[PDB]
Each structure stands twice: as structure tokens, then as C-alpha cells.
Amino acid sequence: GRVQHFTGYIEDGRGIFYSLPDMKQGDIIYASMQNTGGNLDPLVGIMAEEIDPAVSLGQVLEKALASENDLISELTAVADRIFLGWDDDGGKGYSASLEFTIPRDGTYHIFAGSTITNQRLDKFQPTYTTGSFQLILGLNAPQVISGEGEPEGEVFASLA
């Protein structure tokens, strides 16, 4: 197992990308992203080539949404398209975790950002959240998704 820690801050819907160069088929990536301050509801994803979720998620934010069921439907359609694998905290966990088996050799990217949730009692008008997080990445290190984040072995990821 190789485990590696990152700290970041989410403002203005600017998610952060992390590069995973030279991943090999069959490697398993584990990621956990926890809120460490502010109202941040984490969204963690993995993709092959770096694409920007801000564009498609921005379009979800404009939609006329009447309920959490409508939001889950739109968000899922977008996220399933954008990411090879993803997880959010359902607007309740403040922690998001993912397990992903690398399908082919290559460079992958982890995205750490905010999901979309409703925070108002006066209407259902969801928005992004803001705050700090700790992102734990594991390469064949399953202890990451059991809450055992201790860093170990050589680095395999960096800020993209």
C-alpha cells in the first residue's frame, strides 16, 4: 500500500485536480475526501483525461428543480457521464469515498470539489458549498476507505 494526503480549499465552485501518472491496469485507487472546515459537502471523482465538471454542473444549478429527487436525477446523469467513478456525501455525510480499478495503463485524474445541495427552507434552490478538506489517496491501500489514512510508501499523485 501507498497512501498520500492532500489538504485543499473549495471556493467559487473551483474544484481541484490531482494527477495520477503511470497507473497500471489492475491497480486499485481508493480515495476518501472529508470536510475539515466550513459547510463543504464533498464530491470526489476519477477520470482518464482532465475534463472540467464546472461547465456541466453549472448547467444543473440553472435548472428549475423542485426537489432533492429531481436534483439527484440531474446530478447523477451529469456525473455518470463526466466521471469513470464518483461519490458525493448525499448532502449529509460530509465525507465521500471511492474505490476504482484502473481499466488500462495511463494517466488518470482525481477531482475534489463540492457537490450540489439545498440549504434553504424558503424554497428548493440548491448551490455549491465551500470549505476545507483532506483528501486521502491510496494505491492498492484498502485501509483508506476504512478511515485509516496514515501516509506510507512512495508518492504517486500531485496537484494537477
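Note that residue numbering follows the sequence shown and begins at 1.
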Per the PDB entry, mean CA B-factor is higher for 8 to 16 or 139 to 147, namely for 139 to 147
Per the deposited B-factor column, the C-alpha that peaks among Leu43, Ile51, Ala31, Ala54 belongs to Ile51
Comparing C-alpha B-factors across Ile116, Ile110, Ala96, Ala66 in this entry, the winner is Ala66
Binned into thirds over the chain's modelled residues, the C-alpha B-factor of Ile82 lands in the highest
